[PDB]
Amino acid sequence: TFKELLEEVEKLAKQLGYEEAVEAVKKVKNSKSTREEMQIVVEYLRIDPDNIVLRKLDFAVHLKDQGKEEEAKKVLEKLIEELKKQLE
Amino acid sequence: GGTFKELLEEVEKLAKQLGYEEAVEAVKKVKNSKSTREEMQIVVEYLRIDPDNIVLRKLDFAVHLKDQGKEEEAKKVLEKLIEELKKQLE
Ligand SMILES: [Zn+2]
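Residues numbered from 1 in each chain as written, not as in the entry; some residues may be left out. Chains lettered and ligands numbered in written order. Heavy atoms only, no water.

Method of determination, as given in the entry header: X-ray crystallography; reported resolution: 2.00 Å.

The name given to chain B in the PDB entry is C2-Zn1-HEHE-2, with the source organism recorded as Escherichia coli. Per the header of the deposited record, the title is "Crystal structure of designed zinc-induced homodimer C2-Zn1-HEHE-2".

Looking at the PDB entry, one finds chain A named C2-Zn1-HEHE-2, with Escherichia coli as its source organism.

Asker: Looking at this structure, I do not really get the overall build of chain B. What am I missing?
Answerer: Within chain B, the secondary structure is distributed over five helices and zero strands. Shown N-terminal to C-terminal, the secondary structure of chain B runs as helices and strands in the order α-α-α-α-α. For 90 residues, the compact-globule estimate of 2.2 N^0.38 gives 12 Å, and the C-alpha radius of gyration of chain B, at 12 Å, lies within 12% of that figure. Principal-axis analysis of the C-alpha atoms places the extent of chain B at approximately 35 × 30 × 20 Å. Within the span of chain B, comprising 90 residues, buried residues form 41% of the whole. (Helix = DSSP H or I, 4+ residues; strand = E, 2+ residues; numbered from the N terminus. Rg over C-alpha atoms; globule rule 2.2 N^0.38 Å. Buried < 20%, exposed > 50% of the residue type's maximum accessible area, 1.4 Å probe, protein only.)

Asker: For this particular structure, what's the right way to read the environment of A:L6?
Answerer: Residues and elements named next belong to chain A. By secondary structure assignment, the location of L6 is in helix α1 (residues 2-15). A relative accessible area of 1% means that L6 is categorised as buried. In this structure, the C-alpha to C-alpha distance between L6 and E88, residues 82 residues apart in sequence, is 20 Å. Leave out the neighbours within four places in its chain, and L6 touches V25, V28, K29, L57 and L76. (Contact = heavy atoms within 4.5 Å.)

Asker: Just checking my understanding: could you explain the coordination of the zinc ion for this structure?
Answerer: Ideal geometry at a metal gives 109.5 degrees between four tetrahedral donors and either 90 or 180 degrees between six octahedral ones. At this site the zinc ion is bound by A:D58 (OD), A:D58 (OD), A:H62 (NE2), B:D60 (OD), B:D60 (OD) and B:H64 (NE2), with donor distances of 2.2 to 2.5 Å. Seen from the zinc ion, its six donor atoms lie at angles of 55 to 163°, and the figure they make is irregular. Note that A:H62 is positioned in helix α4 (residues 52-65) and B:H64 in helix α4 (residues 54-67), a pairing that runs across two chains. (Donors = N, O, S within 2.8 Å, 3.2 Å for Na, K, Ca; no water. Tetrahedral: all angles 85-135°; square planar, octahedral: opposite > 155°, others 65-115°.)

Asker: Teacher, can you tell me more about helix α1 (residues 4-18) of chain B here?
Answerer: Since the α-helix turns once every 3.6 residues, residues separated by three or four places project in the same direction. Residue and element names in this part refer to chain B. For α1, with 15 residues, the first-to-last C-alpha span of 21 Å sits near the 21 Å given by 1.5 Å per residue. Along α1, the residues classified as buried are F4, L7, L8, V11, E12, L14 and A15. Lining the buried residues of α1 we find α2 (21-31), α3 (36-49), α4 and α5 (71-89). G19 lies just past α1 and shows a positive phi near 95°. (Expected span 1.5 Å × (residues − 1).)

Asker: Would you mind showing me how to read the nonpolar core here?
Answerer: The nonpolar side chains of a soluble globular protein tend to be buried with one another. Counting residues in hydrophobic clusters, the biggest one holds 60 residues, and the most contacted among them are A:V53, A:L57, B:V55 and B:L59. Residues within four places of A:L57 in sequence aside, it is in contact with A:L6, A:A24, A:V25, A:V28 and A:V41. (Core = buried A, V, L, I, M, F, W, Y, C linked by side-chain atoms within 4.5 Å.)

Now the structure itself:
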């Protein structure tokens, strides 16, 4: 699921020491709507504009906002793969 | 240098001069948009094509801010982007 993929992202970014990213993913994972998800993304984009997790999370939430949930999840699967490859 | 749209016109001209063709067309489309919902629709289609383009990234953020009714902070983002583009140009 989207939230399950978010949880894996959060674990990998945590293992990588991305604490701002961890905070935003966790808050998006616990959001009640796409509006709130996107509000969270915007706040963290302000704090860390170059962060690869934030940038991919932004694009995925955009896709979820459009009802393109499968593509949104494919974005996170690719982010998970990138995080893993930095880690192994 | 004034409204959101004029700032967008200036981004569009500098990005054109630098040769950012995708970002030029996105900014042109955002500028001619009827709603923040349309503006965001355009940003997303162009983020898919070129996710690392600096103009697209700042445009996305400015449109978010406009979406939240923070029009003045959105203009400030574009003003910072215009400053950066003018730096790489001269
Ligand atoms: Zn965005």
